[PDB]
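Worksheet for the structure shown next.
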Amino acid sequence: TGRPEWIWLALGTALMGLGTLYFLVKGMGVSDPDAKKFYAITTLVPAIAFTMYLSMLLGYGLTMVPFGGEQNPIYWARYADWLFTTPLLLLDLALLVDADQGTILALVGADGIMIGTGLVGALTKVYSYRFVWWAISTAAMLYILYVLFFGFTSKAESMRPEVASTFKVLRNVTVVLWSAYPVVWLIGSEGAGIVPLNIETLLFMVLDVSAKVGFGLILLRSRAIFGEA
Amino acid sequence: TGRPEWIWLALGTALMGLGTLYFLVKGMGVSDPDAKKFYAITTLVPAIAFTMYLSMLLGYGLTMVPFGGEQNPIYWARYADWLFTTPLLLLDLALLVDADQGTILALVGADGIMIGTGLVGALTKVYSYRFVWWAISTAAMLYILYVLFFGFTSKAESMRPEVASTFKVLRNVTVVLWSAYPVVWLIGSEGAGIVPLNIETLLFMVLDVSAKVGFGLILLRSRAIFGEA
Amino acid sequence: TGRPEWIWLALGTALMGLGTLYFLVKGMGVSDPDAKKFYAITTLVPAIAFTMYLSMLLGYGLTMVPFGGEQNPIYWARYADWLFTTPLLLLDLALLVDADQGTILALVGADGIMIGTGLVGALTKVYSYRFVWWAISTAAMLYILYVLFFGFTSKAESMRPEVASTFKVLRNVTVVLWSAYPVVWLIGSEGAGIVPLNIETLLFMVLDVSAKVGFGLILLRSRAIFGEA
Ligand SMILES: CCCCCCCC/C=C/CCCCCCCC(=O)OC[C@H](O)CO
Ligand SMILES: CCCCCCCC/C=C/CCCCCCCC(=O)OC[C@H](O)CO
Ligand SMILES: CCCCCCCC/C=C/CCCCCCCC(=O)OC[C@H](O)CO
Ligand SMILES: CCCCCCCC/C=C\CCCCCCCC(=O)OC[C@H](O)CO
Ligand SMILES: CCCCCCCC/C=C\CCCCCCCC(=O)OC[C@H](O)CO
Ligand SMILES: CCCCCCCC/C=C\CCCCCCCC(=O)OC[C@H](O)CO
Ligand SMILES: CCCCCCCC/C=C\CCCCCCCC(=O)OC[C@H](O)CO
Ligand SMILES: CCCCCCCC/C=C\CCCCCCCC(=O)OC[C@H](O)CO
Ligand SMILES: CCCCCCCC/C=C\CCCCCCCC(=O)OC[C@H](O)CO
Ligand SMILES: *C/C=C(C)/C=C/C=C(C)/C=C/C1=C(C)CCCC1(C)C
Ligand SMILES: *C/C=C(C)/C=C/C=C(C)/C=C/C1=C(C)CCCC1(C)C
Ligand SMILES: *C/C=C(C)/C=C/C=C(C)/C=C/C1=C(C)CCCC1(C)C
């Protein structure tokens with residue numbers, strides 16, 4: 001394997017795998033029903049990302065897409081990852097603040113549109129249309145961030161202090177990290193092609209590990225995931 | 001873009017997009033938890049259909065399927081739309097009548113079979129087998145209509161009068177509009193090829209806008225979506 | 001159709017179809033809300049398997065995968081079946097013992113990984129990597145079996161005696177039958193190629209009918225699916 005980005009795919013694979021194992025072992029010896037929900041959701045996230053990084057590392061999760069008169073390597077497995085992991089991450093946030101079902105459905109639905117349209121944009125062969133899908137996806141992302149900041153922050157402040165403050169930290173982490181993804185896509189090989197694939201891959205790896213394992217480390221060490229005992 | 005059906009794809013795109021915006025703005029300023037559920041479900045429907053009409057308009061959601069000794073344009077994106085939107089529409093109906101979970105699972109499951117087998121039939125290269133899948137899908141549709149008429153009508157009449165009467169209207173709309181889809185498929189380019197694709201596309205566009213935006217306009221203007229206040 | 005395995009695909013198709021009809025008719029005349037849930041879940045399982053056996057029989061659910069320097073017939077439709085049916089079967093078990101939501105999410109998630117990685121392994125063109133995916137999938141399966149034996153058996157014994165004893169029987173059936181699948185894959189055409197496809201197909205057919213129709217016959221004749229009346 002001589003793809004230059006292989007090193008970042010290997011490191012992502014390793015870090016997701018180690019993250020999954022840590023959460024799995026940490027979650028052993030938890031009986032609180034509420035805490036079990038968070039452990040289950042949060043452990044699945046890097047477990048799924050592990051499998052999809054491994055598929056990229058082994059070359060399964062890569063296809064060639066012709067656009068701009070070239071054969072462009074597109075790691076389609078990222079979207080398969082994000083389709084399942086990003087709603088789980090939003091579920092962690094929503095459960096934390098005890099969001100109502102309708103809000104959860106809107107968030108997960110907007111998230112599916114965001115990832116779905118990003119995959120279409122990534123596979124689209126007419127260059128200028130790629131950015132049409134990027135814009136729709138980014139609009140869906142803005143909707144999600146809107147809800148997290150101006151709906152979830154409303155109900156969280158009415159929750160327990162440990163819930164309010166854990167939510168606020170995870171909210172901020174999410175807004176910052178999630179916002180970088182459309183930027184990397186736009187400047188990387190899926191978009192304008194300014195940043196080469198190997199650096200794009202490093203950037204997504206840093207984002208993915210932070211948004212998944214970092215997020216989970218903050219969440220799962222907090223007392224907000226337990227019922228008041 | 002010189003595909004003659006492009007005009008109907010553009011109009012569908014526009015009407016779904018406008019529908020989505022109307023529901024989104026209308027749903028702003030709703031705090032009732034029950035009404036939020038309906039707004040969320042109903043707004044997602046045309047939002048999803050928007051993306052899939054746009055994919056057809058831009059040519060992404062189209063493939064060529066050889067059968068009957070010809071290369072037949074098959075808009076596969078319709079099924080991707082219907083897979084997600086048709087269960088959401090059934091969820092609107094089920095929540096309205098407070099259906100039990102087992103009935104909801106049966107309906108959504110039968111609906112997945114209906115769309116799944118329709119997609120297989122649409123992609124199948126042996127001409128006579130296409131109609132085998134059409135028959136299975138239509139049997140799944142009959143099951144759904146059975147449940148809506150002879151199960152949901154039973155519990156709705158026990159609900160609030162505004163729930164009973166809003167359900168009955170949406171039920172009738174659904175049965176009529178949904179029944180036309182297998183007919184259009186059978187006589188159109190996916191089936192017997194009597195009606196040319198451009199007219200088939202107009203017909204599905206009229207059905208889709210009615211079953212989604214029309215449906216949602218009836219539902220979201222009714223008082224049945226709010227708790228009794 | 002001269003594929004030698006066609007006879008087992010036809011018989012599986014027939015037995016799933018007959019199973020579905022039996023459960024459908026049997027479930028007519030059930031009003032208990034709890035029993036309705038089980039009937040809905042259990043009837044969907046062979047209905048889905050029916051469609052996917054039929055797709056294999058008609059040749060839709062078959063692709064050719066080059067590995068080991070040969071064109072290998074891979075029935076990919078099995079995974080499409082298993083992706084939806086195996087979580088439904090686990091849902092039957094979990095509802096029986098009234099498992100908490102977090103445990104259900106872990107089980108369904110691990111199950112998706114198990115089937116997802118098996119499909120990747122089945123489609124992978126580098127021969128030695130196929131067994132990497134097989135090992136990950138089998139690890140996910142071991143996690144599921146662990147939970148069923150050393151978590152579900154814990155709460156079931158605290159349930160009604162008819163629930164405890166119906167669970168224990170279905171648990172044992174599941175562990176035995178589910179464990180055979182990775183073995184058949186490993187020795188069959190997807191793996192080491194010791195057992196030819198036609199015998200592999202017979203083996204999966206016997207397993208599938210037992211794990212689905214057999215399972216459902218035990219479950220749906222038990223009094224554990226009803227509330228105490
Ligand atoms: C939190 C613990 C870690 C903290 C740190 C995290 C850093 C993550 C990102 C690094 C970007 C690296 C960018 C490397 C750019 C190399 C550009 C290059 O090689 O340029 C040569 C080219 O020919 C002409 O530009
Ligand atoms: C509710 C507000 C709107 C109300 C109205 C909704 C109408 C929707 C459907 C119209 C079908 C149009 C069918 C057009 C058929 C044209 C056939 C044609 O061109 O035939 C020539 C051919 O060479 C030989 O048949
Ligand atoms: C429960 C009611 C039914 C009870 C019974 C269920 C049996 C299911 C499995 C049978 C395996 C059959 C294996 C057949 C193997 C044939 C091998 C063969 O043909 O070998 C020739 C070859 O050239 C050199 O090995
Ligand atoms: C190098 C190591 C790589 C990583 C290892 C292989 C990953 C895929 C395999 C198995 C998934 C196992 C299940 C994953 C989900 C577990 C959910 C959980 O922790 O559930 C706790 C809950 O409290 C319960 O009731
Ligand atoms: C309640 C839950 C709501 C969930 C809402 C989900 C909405 C997803 C919407 C749009 C994206 C669909 C993208 C589909 C892309 C398929 C691409 C594909 O498979 O392409 C294969 C090949 O390259 C070409 O045929
Ligand atoms: C021309 C315009 C085209 C259409 C616009 C682009 C469509 C895709 C983009 C964003 C989806 C936004 C989210 C869609 C779902 C919103 C759900 C909703 O309304 O939720 C209300 C609920 O009460 C909350 O708690
Ligand atoms: C509880 C929820 C229950 C949900 C129940 C869902 C049941 C779906 C069943 C059958 C349709 C499956 C259709 C799969 C079609 C895939 C076609 C495809 O991707 O084909 C690619 C290419 O053309 C060839 O390899
Ligand atoms: C040869 C025969 C082959 C098999 C027949 C064709 C299979 C696919 C067609 C229809 C699926 C019908 C719906 C399947 C799910 C029914 C769920 C159910 O039984 O629900 C009971 C519940 O109590 C309700 O409230
Ligand atoms: C809460 C619910 C949790 C659910 C957890 C699910 C996790 C699935 C993880 C990994 C498998 C993904 C496998 C994706 C395989 C796609 C293969 C494919 O479509 O390949 C087409 C073609 O052969 C090549 O491009
Ligand atoms: C664990 C991984 C996470 C949190 C991934 C998040 C990914 C995104 C927020 C992706 C967003 C995109 C856009 C808003 C537009 C362009 C395409 C995407 C999919 C990269
Ligand atoms: C918003 C879109 C809606 C309500 C679409 C409904 C679609 C159907 C009821 C499709 C039904 C079909 C059959 C019953 C058999 C042939 C194939 C289908 C998928 C067109
Ligand atoms: C109705 C069908 C059932 C219960 C199918 C069960 C299937 C499995 C437990 C499959 C398991 C696999 C492995 C553990 C590794 C190799 C690949 C699989 C998918 C065959």
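So you can find residues: chains in the structure tokens are A, B, ... in the order shown, residues in each start at 1, and ligands are numbered from 1 in order.
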>> Can you work out which residues from chain B touch chain A at a cut-off of 6 Å (counting only C-alpha atoms) and hand them back as a ChimeraX atom specification?
In response: /B:36-37,40
How close does chain A get to ligand 9? List, as CSV, each residue of chain A within 9 Å, its nearest atom pair and the distance in Å to one decimal, counting only C-alpha atoms and all ligand atoms.
residue,atom,partner,partner_atom_place_in_ligand_line,distance
A:41,CA,ligand 9,1 (C),7.6
A:44,CA,ligand 9,3 (C),7.3
A:45,CA,ligand 9,3 (C),8.6
A:47,CA,ligand 9,9 (C),8.1
A:48,CA,ligand 9,9 (C),5.0
A:49,CA,ligand 9,9 (C),7.8
A:50,CA,ligand 9,10 (C),8.7
A:51,CA,ligand 9,10 (C),5.6
A:52,CA,ligand 9,10 (C),6.3
A:55,CA,ligand 9,13 (C),8.8
A:60,CA,ligand 9,24 (C),7.3
A:61,CA,ligand 9,25 (O),7.0
A:62,CA,ligand 9,25 (O),7.5
A:63,CA,ligand 9,25 (O),6.6
A:76,CA,ligand 9,25 (O),7.8
A:77,CA,ligand 9,14 (C),7.5
A:80,CA,ligand 9,12 (C),6.5
A:81,CA,ligand 9,9 (C),7.1
A:84,CA,ligand 9,3 (C),6.2
A:85,CA,ligand 9,3 (C),8.0
A:87,CA,ligand 9,1 (C),8.5
A:88,CA,ligand 9,1 (C),6.8
With the cut-off set at 12 Å and counting only C-alpha atoms and all ligand atoms, tabulate each residue of chain A with an atom at most that distance from an atom of ligand 1, showing the nearest atom pair and its distance in Å to one decimal, ordered by chain and increasing number, as a Markdown table.
| residue | atom | partner | partner_atom_place_in_ligand_line | distance |
| --- | --- | --- | --- | --- |
| A:4 | CA | ligand 1 | 19 (O) | 11.8 |
| A:8 | CA | ligand 1 | 8 (C) | 11.0 |
| A:184 | CA | ligand 1 | 11 (C) | 11.5 |
| A:194 | CA | ligand 1 | 25 (O) | 9.9 |
| A:195 | CA | ligand 1 | 17 (C) | 8.6 |
| A:196 | CA | ligand 1 | 17 (C) | 8.9 |
| A:197 | CA | ligand 1 | 15 (C) | 11.3 |
| A:198 | CA | ligand 1 | 14 (C) | 9.3 |
| A:199 | CA | ligand 1 | 13 (C) | 6.3 |
| A:200 | CA | ligand 1 | 11 (C) | 9.0 |
| A:201 | CA | ligand 1 | 9 (C) | 10.1 |
| A:202 | CA | ligand 1 | 9 (C) | 6.7 |
| A:203 | CA | ligand 1 | 9 (C) | 5.8 |
| A:204 | CA | ligand 1 | 9 (C) | 9.3 |
| A:205 | CA | ligand 1 | 8 (C) | 8.9 |
| A:206 | CA | ligand 1 | 8 (C) | 6.2 |
| A:207 | CA | ligand 1 | 8 (C) | 8.7 |
| A:208 | CA | ligand 1 | 8 (C) | 11.6 |
| A:209 | CA | ligand 1 | 1 (C) | 10.2 |
| A:210 | CA | ligand 1 | 1 (C) | 8.7 |
| A:214 | CA | ligand 1 | 1 (C) | 10.3 |
File dump, residues just selected, N, CA, C and O atoms, as a PDB file, in the first residue's frame:
ATOM      1  N   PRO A   4      -0.087   7.707  -0.315  1.00  0.00           N
ATOM      2  CA  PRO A   4       0.579   8.484   0.745  1.00  0.00           C
ATOM      3  C   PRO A   4      -0.293   8.721   1.958  1.00  0.00           C
ATOM      4  O   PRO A   4       0.233   8.910   3.058  1.00  0.00           O
ATOM      5  N   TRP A   8      -2.273   8.081   7.699  1.00  0.00           N
ATOM      6  CA  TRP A   8      -3.342   8.710   8.476  1.00  0.00           C
ATOM      7  C   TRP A   8      -4.533   7.758   8.605  1.00  0.00           C
ATOM      8  O   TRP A   8      -5.222   7.788   9.619  1.00  0.00           O
ATOM      9  N   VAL A 184     -13.158  21.625   4.950  1.00  0.00           N
ATOM     10  CA  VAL A 184     -12.143  20.697   4.463  1.00  0.00           C
ATOM     11  C   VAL A 184     -12.598  20.121   3.147  1.00  0.00           C
ATOM     12  O   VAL A 184     -11.796  19.906   2.243  1.00  0.00           O
ATOM     13  N   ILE A 194      -7.543  22.362  -3.666  1.00  0.00           N
ATOM     14  CA  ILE A 194      -6.433  23.208  -3.228  1.00  0.00           C
ATOM     15  C   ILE A 194      -5.519  22.443  -2.293  1.00  0.00           C
ATOM     16  O   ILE A 194      -4.303  22.609  -2.308  1.00  0.00           O
ATOM     17  N   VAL A 195      -6.095  21.638  -1.416  1.00  0.00           N
ATOM     18  CA  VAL A 195      -5.369  20.850  -0.428  1.00  0.00           C
ATOM     19  C   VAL A 195      -5.300  19.435  -0.967  1.00  0.00           C
ATOM     20  O   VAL A 195      -6.328  18.907  -1.345  1.00  0.00           O
ATOM     21  N   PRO A 196      -4.140  18.808  -1.030  1.00  0.00           N
ATOM     22  CA  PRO A 196      -4.052  17.474  -1.602  1.00  0.00           C
ATOM     23  C   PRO A 196      -4.670  16.441  -0.646  1.00  0.00           C
ATOM     24  O   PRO A 196      -4.832  16.647   0.569  1.00  0.00           O
ATOM     25  N   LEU A 197      -5.006  15.323  -1.221  1.00  0.00           N
ATOM     26  CA  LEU A 197      -5.721  14.249  -0.511  1.00  0.00           C
ATOM     27  C   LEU A 197      -5.011  13.819   0.757  1.00  0.00           C
ATOM     28  O   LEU A 197      -5.656  13.463   1.748  1.00  0.00           O
ATOM     29  N   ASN A 198      -3.665  13.728   0.748  1.00  0.00           N
ATOM     30  CA  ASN A 198      -3.037  13.206   1.941  1.00  0.00           C
ATOM     31  C   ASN A 198      -3.207  14.151   3.108  1.00  0.00           C
ATOM     32  O   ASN A 198      -3.416  13.707   4.235  1.00  0.00           O
ATOM     33  N   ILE A 199      -3.195  15.453   2.860  1.00  0.00           N
ATOM     34  CA  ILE A 199      -3.411  16.397   3.938  1.00  0.00           C
ATOM     35  C   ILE A 199      -4.924  16.455   4.283  1.00  0.00           C
ATOM     36  O   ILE A 199      -5.291  16.565   5.432  1.00  0.00           O
ATOM     37  N   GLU A 200      -5.786  16.392   3.290  1.00  0.00           N
ATOM     38  CA  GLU A 200      -7.206  16.294   3.576  1.00  0.00           C
ATOM     39  C   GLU A 200      -7.472  15.106   4.524  1.00  0.00           C
ATOM     40  O   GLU A 200      -8.307  15.177   5.435  1.00  0.00           O
ATOM     41  N   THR A 201      -6.818  13.978   4.269  1.00  0.00           N
ATOM     42  CA  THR A 201      -7.062  12.769   5.045  1.00  0.00           C
ATOM     43  C   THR A 201      -6.590  12.965   6.477  1.00  0.00           C
ATOM     44  O   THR A 201      -7.280  12.559   7.437  1.00  0.00           O
ATOM     45  N   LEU A 202      -5.423  13.623   6.647  1.00  0.00           N
ATOM     46  CA  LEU A 202      -4.972  13.954   7.995  1.00  0.00           C
ATOM     47  C   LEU A 202      -5.996  14.824   8.689  1.00  0.00           C
ATOM     48  O   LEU A 202      -6.369  14.576   9.852  1.00  0.00           O
ATOM     49  N   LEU A 203      -6.481  15.838   7.997  1.00  0.00           N
ATOM     50  CA  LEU A 203      -7.417  16.775   8.615  1.00  0.00           C
ATOM     51  C   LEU A 203      -8.700  16.050   9.066  1.00  0.00           C
ATOM     52  O   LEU A 203      -9.189  16.270  10.185  1.00  0.00           O
ATOM     53  N   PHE A 204      -9.299  15.211   8.178  1.00  0.00           N
ATOM     54  CA  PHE A 204     -10.484  14.481   8.595  1.00  0.00           C
ATOM     55  C   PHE A 204     -10.185  13.527   9.722  1.00  0.00           C
ATOM     56  O   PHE A 204     -11.074  13.275  10.585  1.00  0.00           O
ATOM     57  N   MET A 205      -8.976  12.941   9.744  1.00  0.00           N
ATOM     58  CA  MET A 205      -8.660  12.014  10.807  1.00  0.00           C
ATOM     59  C   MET A 205      -8.636  12.767  12.162  1.00  0.00           C
ATOM     60  O   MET A 205      -9.103  12.257  13.179  1.00  0.00           O
ATOM     61  N   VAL A 206      -8.018  13.945  12.197  1.00  0.00           N
ATOM     62  CA  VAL A 206      -7.955  14.717  13.419  1.00  0.00           C
ATOM     63  C   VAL A 206      -9.348  15.128  13.844  1.00  0.00           C
ATOM     64  O   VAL A 206      -9.722  14.965  15.026  1.00  0.00           O
ATOM     65  N   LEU A 207     -10.164  15.562  12.891  1.00  0.00           N
ATOM     66  CA  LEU A 207     -11.520  15.935  13.204  1.00  0.00           C
ATOM     67  C   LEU A 207     -12.285  14.730  13.709  1.00  0.00           C
ATOM     68  O   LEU A 207     -12.990  14.826  14.720  1.00  0.00           O
ATOM     69  N   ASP A 208     -12.175  13.584  13.007  1.00  0.00           N
ATOM     70  CA  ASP A 208     -13.000  12.407  13.358  1.00  0.00           C
ATOM     71  C   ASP A 208     -12.645  11.920  14.746  1.00  0.00           C
ATOM     72  O   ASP A 208     -13.503  11.578  15.560  1.00  0.00           O
ATOM     73  N   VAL A 209     -11.370  11.834  15.035  1.00  0.00           N
ATOM     74  CA  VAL A 209     -10.979  11.310  16.373  1.00  0.00           C
ATOM     75  C   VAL A 209     -11.462  12.263  17.453  1.00  0.00           C
ATOM     76  O   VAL A 209     -11.940  11.835  18.506  1.00  0.00           O
ATOM     77  N   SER A 210     -11.341  13.568  17.213  1.00  0.00           N
ATOM     78  CA  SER A 210     -11.780  14.561  18.193  1.00  0.00           C
ATOM     79  C   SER A 210     -13.272  14.544  18.370  1.00  0.00           C
ATOM     80  O   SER A 210     -13.770  14.595  19.497  1.00  0.00           O
ATOM     81  N   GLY A 214     -12.722  12.087  21.419  1.00  0.00           N
ATOM     82  CA  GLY A 214     -12.676  13.250  22.312  1.00  0.00           C
ATOM     83  C   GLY A 214     -14.025  13.582  22.901  1.00  0.00           C
ATOM     84  O   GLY A 214     -14.193  13.710  24.118  1.00  0.00           O
TER      85      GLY A 214
END
> Can you list every residue in region 72-216 of chain C that DSSP puts in strand (DSSP E), as a list in words?
Replying inline: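 The strand (DSSP E) subset of region 72-216 of chain C is residues 72, 73, 74 and 75 of chain C.
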>> I'd like to know which of B:70, B:142, B:29, B:7 is closest to residue 178 (chain B), using only C-alpha atoms.
In response: B:142
Could I get the residues of chain C with an atom no further than 10 Å from an atom of ligand 8, each paired with its nearest atom pair and that distance in Å to one decimal, using only C-alpha atoms and all ligand atoms, sorted by chain and residue number, as a tab-separated table?
residue	atom	partner	partner_atom_place_in_ligand_line	distance
C:13	CA	ligand 8	3 (C)	8.0
C:14	CA	ligand 8	1 (C)	6.6
C:15	CA	ligand 8	1 (C)	8.7
C:16	CA	ligand 8	4 (C)	7.0
C:17	CA	ligand 8	3 (C)	3.6
C:18	CA	ligand 8	2 (C)	5.9
C:19	CA	ligand 8	4 (C)	7.7
C:20	CA	ligand 8	4 (C)	5.3
C:21	CA	ligand 8	4 (C)	5.8
C:22	CA	ligand 8	4 (C)	9.3
C:23	CA	ligand 8	19 (O)	6.6
C:24	CA	ligand 8	19 (O)	4.6
C:25	CA	ligand 8	19 (O)	7.7
C:26	CA	ligand 8	19 (O)	8.3
C:27	CA	ligand 8	21 (C)	5.6
C:28	CA	ligand 8	21 (C)	7.0
C:29	CA	ligand 8	23 (O)	8.4
C:30	CA	ligand 8	23 (O)	6.5
C:31	CA	ligand 8	23 (O)	7.3
C:32	CA	ligand 8	23 (O)	8.6
C:33	CA	ligand 8	23 (O)	7.9
C:34	CA	ligand 8	23 (O)	9.1
C:35	CA	ligand 8	23 (O)	7.2
C:36	CA	ligand 8	23 (O)	3.7
C:37	CA	ligand 8	23 (O)	6.3
C:38	CA	ligand 8	23 (O)	7.7
C:39	CA	ligand 8	21 (C)	5.1
C:40	CA	ligand 8	20 (O)	3.7
C:41	CA	ligand 8	17 (C)	6.9
C:42	CA	ligand 8	19 (O)	7.6
C:43	CA	ligand 8	19 (O)	5.1
C:44	CA	ligand 8	15 (C)	4.6
C:45	CA	ligand 8	15 (C)	8.3
C:46	CA	ligand 8	4 (C)	8.0
C:47	CA	ligand 8	7 (C)	4.7
C:48	CA	ligand 8	8 (C)	7.2
C:49	CA	ligand 8	7 (C)	9.0
C:50	CA	ligand 8	4 (C)	6.3
C:51	CA	ligand 8	8 (C)	6.9
C:54	CA	ligand 8	3 (C)	9.4
Can you build me a table of chain C residues sitting at most 7 Å from ligand 12, with the closest atom pair per residue and its distance in Å to one decimal, using only C-alpha atoms and all ligand atoms, sorted by chain and residue number, as JSON lines?
{"residue": "C:79", "atom": "CA", "partner": "ligand 12", "partner_atom_place_in_ligand_line": "19 (C)", "distance": 6.9}
{"residue": "C:82", "atom": "CA", "partner": "ligand 12", "partner_atom_place_in_ligand_line": "2 (C)", "distance": 5.4}
{"residue": "C:85", "atom": "CA", "partner": "ligand 12", "partner_atom_place_in_ligand_line": "1 (C)", "distance": 5.8}
{"residue": "C:86", "atom": "CA", "partner": "ligand 12", "partner_atom_place_in_ligand_line": "4 (C)", "distance": 5.2}
{"residue": "C:114", "atom": "CA", "partner": "ligand 12", "partner_atom_place_in_ligand_line": "14 (C)", "distance": 6.0}
{"residue": "C:115", "atom": "CA", "partner": "ligand 12", "partner_atom_place_in_ligand_line": "19 (C)", "distance": 4.7}
{"residue": "C:118", "atom": "CA", "partner": "ligand 12", "partner_atom_place_in_ligand_line": "17 (C)", "distance": 4.0}
{"residue": "C:119", "atom": "CA", "partner": "ligand 12", "partner_atom_place_in_ligand_line": "19 (C)", "distance": 6.6}
{"residue": "C:134", "atom": "CA", "partner": "ligand 12", "partner_atom_place_in_ligand_line": "16 (C)", "distance": 4.6}
{"residue": "C:135", "atom": "CA", "partner": "ligand 12", "partner_atom_place_in_ligand_line": "15 (C)", "distance": 6.7}
{"residue": "C:137", "atom": "CA", "partner": "ligand 12", "partner_atom_place_in_ligand_line": "15 (C)", "distance": 4.6}
{"residue": "C:138", "atom": "CA", "partner": "ligand 12", "partner_atom_place_in_ligand_line": "14 (C)", "distance": 3.8}
{"residue": "C:141", "atom": "CA", "partner": "ligand 12", "partner_atom_place_in_ligand_line": "14 (C)", "distance": 5.1}
{"residue": "C:178", "atom": "CA", "partner": "ligand 12", "partner_atom_place_in_ligand_line": "9 (C)", "distance": 4.3}
{"residue": "C:179", "atom": "CA", "partner": "ligand 12", "partner_atom_place_in_ligand_line": "9 (C)", "distance": 6.3}
{"residue": "C:181", "atom": "CA", "partner": "ligand 12", "partner_atom_place_in_ligand_line": "20 (C)", "distance": 4.8}
{"residue": "C:182", "atom": "CA", "partner": "ligand 12", "partner_atom_place_in_ligand_line": "13 (C)", "distance": 4.1}
{"residue": "C:185", "atom": "CA", "partner": "ligand 12", "partner_atom_place_in_ligand_line": "20 (C)", "distance": 5.4}
{"residue": "C:208", "atom": "CA", "partner": "ligand 12", "partner_atom_place_in_ligand_line": "1 (C)", "distance": 4.7}
{"residue": "C:211", "atom": "CA", "partner": "ligand 12", "partner_atom_place_in_ligand_line": "4 (C)", "distance": 5.2}
{"residue": "C:212", "atom": "CA", "partner": "ligand 12", "partner_atom_place_in_ligand_line": "1 (C)", "distance": 5.2}
> Given the choices B:157, B:92, B:190, B:162, which gets closest to ligand 11 if the distance is worked out from only C-alpha atoms and all ligand atoms?
Replying inline: B:190
> Nearest to ligand 6 among B:216, B:176, B:152, B:158, with distances taken over only C-alpha atoms and all ligand atoms: which residue is it?
Replying inline: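 The closest residue to ligand 6 is B:216.
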> Quick one: distance from atom 14 (C, counted along the ligand's line) of ligand 6 to CA of residue 147 (chain A) in Å, one decimal?
Replying inline: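 The value is 11.0 Å.
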>> Can you pull out every residue from region 124-168 of chain B that DSSP, working from the backbone, puts in helix (DSSP H, G or I), and format the result as a PyMOL selection string?
In response: chain B and resi 127-156+161-168
Can you spit out the residues from that selection as a compact mmCIF listing (two decimals), in the first residue's frame, using C-alpha atoms?
# COMPACT_ATOMS: atom_id res chain seq x y z
CA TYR B 127 -38.89 -8.32 -18.57
CA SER B 128 -41.51 -10.80 -17.31
CA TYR B 129 -39.95 -10.82 -13.80
CA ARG B 130 -40.49 -7.09 -13.48
CA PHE B 131 -44.19 -7.80 -13.08
CA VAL B 132 -43.58 -10.48 -10.47
CA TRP B 133 -41.98 -7.79 -8.28
CA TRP B 134 -44.80 -5.36 -9.18
CA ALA B 135 -47.34 -7.90 -7.92
CA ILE B 136 -45.50 -8.51 -4.60
CA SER B 137 -45.16 -4.76 -4.07
CA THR B 138 -48.84 -4.21 -4.83
CA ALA B 139 -49.77 -6.96 -2.38
CA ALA B 140 -47.77 -5.11 0.29
CA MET B 141 -49.63 -1.93 -0.65
CA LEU B 142 -52.98 -3.70 -0.30
CA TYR B 143 -51.95 -4.81 3.17
CA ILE B 144 -51.19 -1.23 4.12
CA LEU B 145 -54.50 0.04 2.74
CA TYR B 146 -56.33 -2.74 4.57
CA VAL B 147 -54.79 -1.68 7.87
CA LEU B 148 -55.52 1.98 7.28
CA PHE B 149 -59.19 1.31 6.45
CA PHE B 150 -60.07 -1.58 8.77
CA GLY B 151 -57.81 -0.94 11.74
CA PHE B 152 -57.00 2.76 11.89
CA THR B 153 -60.57 3.79 11.14
CA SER B 154 -61.58 1.64 14.13
CA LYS B 155 -59.42 3.45 16.70
CA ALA B 156 -59.81 6.93 15.14
CA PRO B 161 -63.85 14.41 16.86
CA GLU B 162 -61.21 16.66 15.28
CA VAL B 163 -58.82 13.70 15.18
CA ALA B 164 -61.44 11.35 13.72
CA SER B 165 -62.43 13.72 10.95
CA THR B 166 -58.91 14.82 10.05
CA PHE B 167 -57.86 11.17 9.90
CA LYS B 168 -60.77 10.21 7.70
>> When you count only C-alpha atoms and all ligand atoms, which of these residues is closest to ligand 7: B:96, B:9, B:122, B:170?
In response: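 Closest to ligand 7 of all the choices is B:122.
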> So what do you get for CA of residue 225 (chain B) versus atom 6 (C, counted along the ligand's line) of ligand 6, distance-wise?
Replying inline: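 About the pair CA of residue 225 (chain B) and atom 6 (C, counted along the ligand's line) of ligand 6: they are 23.9 Å apart.
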